[PDB]
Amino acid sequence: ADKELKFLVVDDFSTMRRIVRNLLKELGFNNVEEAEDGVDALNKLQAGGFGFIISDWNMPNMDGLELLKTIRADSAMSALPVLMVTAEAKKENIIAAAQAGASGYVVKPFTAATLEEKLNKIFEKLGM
């Protein structure tokens, strides 16, 4: 995948966004912007040019599942990769992510190596 791929990192905790952005940088992805919930995310997405979303699940205003469904049903954004992040792998939550079209699913906390593994799985399926 292209090093300049533009990421949106979505989490209501600024520290978690900083951490994910730093892991992305460690992997060579420097083109990263942030959003604090699903509403904020959709606002920022209107700027265009985004190529990959990493989203938390539990957020106020619009949560990560609501965000994912909106992106998947959107005329312009329907095929955007979305890596969903959760605090605990539970069957119900994983199955909800699958039904909604999550590109990937990773449980916090995770290493750069795990992040690279999950990104690569998504790139491979999508032919990126």
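So that the term is clear: the rigid core is the largest set of C-alpha atoms that superpose within 1.5 Å between two forms. Just count from 1 along the sequence shown to find any residue number.
Q: After superposing on the rigid core, which of 95 to 103 and 82 to 90 has its C-alpha atoms sitting farther from this form in 9 other deposited structures of this protein?
A: Comparing 95 to 103 with 82 to 90, the larger C-alpha deviation in 9 other deposited structures of this protein belongs to 82 to 90.
Q: Do the CA atoms of 89 to 97 or those of 51 to 59 have the higher mean B-factor in the entry?
A: Taking the mean C-alpha B-factor of 89 to 97 and of 51 to 59, the larger value falls to 89 to 97.
Q: Please work out which of 66 to 74 and 42 to 50 has the higher mean CA B-factor as recorded in the PDB entry.
A: On average, C-alpha B-factors are higher across 42 to 50.
Q: Determine, from the deposited record, the chain-internal third of the Cα B-factor for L27: lowest, middle or highest.
A: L27: CA B-factor falls in the middle third of its chain.
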